[PDB]
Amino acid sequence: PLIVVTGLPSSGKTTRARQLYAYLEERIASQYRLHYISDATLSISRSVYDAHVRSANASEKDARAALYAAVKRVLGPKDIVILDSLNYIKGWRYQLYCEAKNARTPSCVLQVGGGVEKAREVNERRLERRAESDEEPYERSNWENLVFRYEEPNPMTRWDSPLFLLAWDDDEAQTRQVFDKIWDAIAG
């Protein structure tokens, strides 16, 4: 199974993804294999998110290529894959949907975020606190433009459903309730 995490920059994707992993770890042991992938695990710097000429520096399109390959190598009916990345484009989320389809395994989307304001605050504290890291800040130019071009998951579309969301204020049990529906979704 594939679980597409999605959210704004510094919206809590990695934090929620860890919780999901720990949850899925207890549930598998109470079978499946558990995989975790992120920009950091693939050494994809956040600066990729900033035409007629071929360049040597990796593009955002190459980042999606890297992510796509990492998932295909492990994703399968017996392999649960957590993709912790912005995953902010409907088309990209549609590619991942078709990827899980080709792996003959269910897919879902898990949106995270405490808000544009609480997310902006985080990136400032991480900019203040000064590269394959989970706490490396974005440049304020790259951060703002990323939020502007974020595409909200649409449960009306089959590739953004089943959709699940987790606000920051959602406590350990409301988060735990979502995780159970994720589990039931990626089963029979």
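When you see a residue number, it is the position in the sequence shown, counting from 1.
- The entry shows an unbroken chain from residue 57 to residue 58, with no unmodelled residues of the deposited sequence in between.
- In this crystal structure, the stretch out of 70-78 and 114-122 whose C-alpha atoms carry the higher mean B factor is 114-122.
- Note on 168-176 vs 15-23: mean CA B-factor is higher in 168-176.
- Note on the listed residues 37, 147, 28, 156: the highest Cα temperature factor in the record is that of 28.
- Residues shown: 152, 62, 132, 160. Highest C-alpha temperature factor in the entry: 132.
- Among the modelled residues of its chain, residue 141 has a C-alpha B-factor that falls in the highest third according to the deposited record.
- Sort the modelled residues of the chain by CA B factor and residue 5 lands in the lowest third.
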